[PDB]
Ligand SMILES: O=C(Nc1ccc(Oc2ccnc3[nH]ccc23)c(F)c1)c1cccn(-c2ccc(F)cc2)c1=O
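Have a look below at one chain only, the form solved without this ligand, in structure tokens format.
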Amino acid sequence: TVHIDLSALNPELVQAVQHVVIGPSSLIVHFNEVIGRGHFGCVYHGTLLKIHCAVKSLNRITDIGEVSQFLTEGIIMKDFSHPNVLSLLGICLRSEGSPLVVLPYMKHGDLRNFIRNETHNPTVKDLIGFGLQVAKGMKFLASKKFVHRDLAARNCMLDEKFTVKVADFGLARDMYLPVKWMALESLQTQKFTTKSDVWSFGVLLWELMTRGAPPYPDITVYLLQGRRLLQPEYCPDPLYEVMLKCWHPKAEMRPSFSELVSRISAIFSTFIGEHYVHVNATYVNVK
């Protein structure tokens, strides 16, 4: 029931965020066309003046400090511009602290559900291509000193051109611990680095080549027995070698995302789209 007067915001911040703000005359939220809802708020189809967007409606913010943190995150995220990173089209902050986050619409949804869908017919080349795109997006994010912390196929989106966008970060968080994607040292210390993102990226590559099986179909104990994820049936040997490098027990010895983009670009280039990938019978329906 808390009232908030947004004129209490620091004028310098309000001026600084103006380039991120979308006016009400520029946005139609299609309220009867819901993409998804839950504790995070709600996601609707939108039109931005026309361009098809997803509009996340957040829970009301009634503290000026929290509003200011939201606006600041908007300014920062606006400049995280890269072809393989989900962009922020803009924000709105209506009366009584009712926020909207406006994102590009992703025709093909998240990458995990996309590859799992039996009516889709990916090749090895396609799946490696998706992984390469994710590596490019992560190379960018790492260059901004940004650590994702939940890199996974479910947190990447796919647009109408089959371009992968690394998502679930910044103001695009909460649109729907991840121990099975975490590096050993993160399991042990709760600390995340770009090198622990590289570990997660190896698991994401495994998700791609299995067409979205759950990893390890108790994890610290299991890993410390001397174990890794098994080579997927359709995973090329050089790509499995890259996965093992991503899971190096020494964080400093893992490849950088720059090295990953280089290595995977080379592997990708050798394929011509001849090899169709199918699910492993022992992984189908496993949660």
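The term rigid core refers to the maximal set of C-alpha atoms that superpose within 1.5 Å between the two forms. When you see a residue number, it is the position in the sequence shown, counting from 1.
The same protein also has a form solved in complex with this ligand, omitted here; what follows describes it.
With the site C-alphas superposed, this ligand from its pose in the entry with it bound puts 3 or more atoms within 2.4 Å of the backbone and C-beta atoms of the shown form; the site is blocked. Remark: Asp168 counts among the residues lining this ligand in the entry with it bound, judged by a heavy atom distance of 4.5 Å or less. For the chain shown alone, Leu208 is not a contact residue for this ligand in the entry with it bound, no non-hydrogen atom being within 4.5 angstroms. For the chain shown alone, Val134 is not a contact residue for this ligand in the entry with it bound, no non-hydrogen atom being within 4.5 angstroms. Although the partner is absent here, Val43 lies within 4.5 Å of this ligand in the entry with it bound, judged by heavy atoms.
Segments offered: 124 to 132, 160 to 168, 184 to 192, 200 to 208. Contacting this ligand in the entry with it bound at heavy atom distances within 4.5 Å is 160 to 168. With the partner removed from view, the residue among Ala54, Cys235, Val242, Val261 that has a non-hydrogen atom within 4.5 Å of this ligand in the entry with it bound turns out to be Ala54. Residues of 89 to 126 that come within 4.5 Å of this ligand in the entry with it bound, judged by any heavy atom, are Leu103, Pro104, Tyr105, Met106, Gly109 in sequence order. Lining up the core between the shown form and the other one shows that one residue from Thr72, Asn121, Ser81, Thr189 moves its Cα 2 Å or more, and that residue is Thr72.
In the core-superposed comparison between the shown form and the other one, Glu160 has its Cα shifted by less than 2 Å. Taking 2 Å as the criterion, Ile267 does not count as shifted between the shown form and the other one: its C-alpha moves by less than this amount when the rigid core is aligned. Once the rigid core is used as the reference frame, the Cα position of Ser143 differs between the shown form and the other one by less than 2 Å. Between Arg60 and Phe146, the Cα spacing is larger in the entry with it bound than in the shown form, differing by no less than 3 Å.
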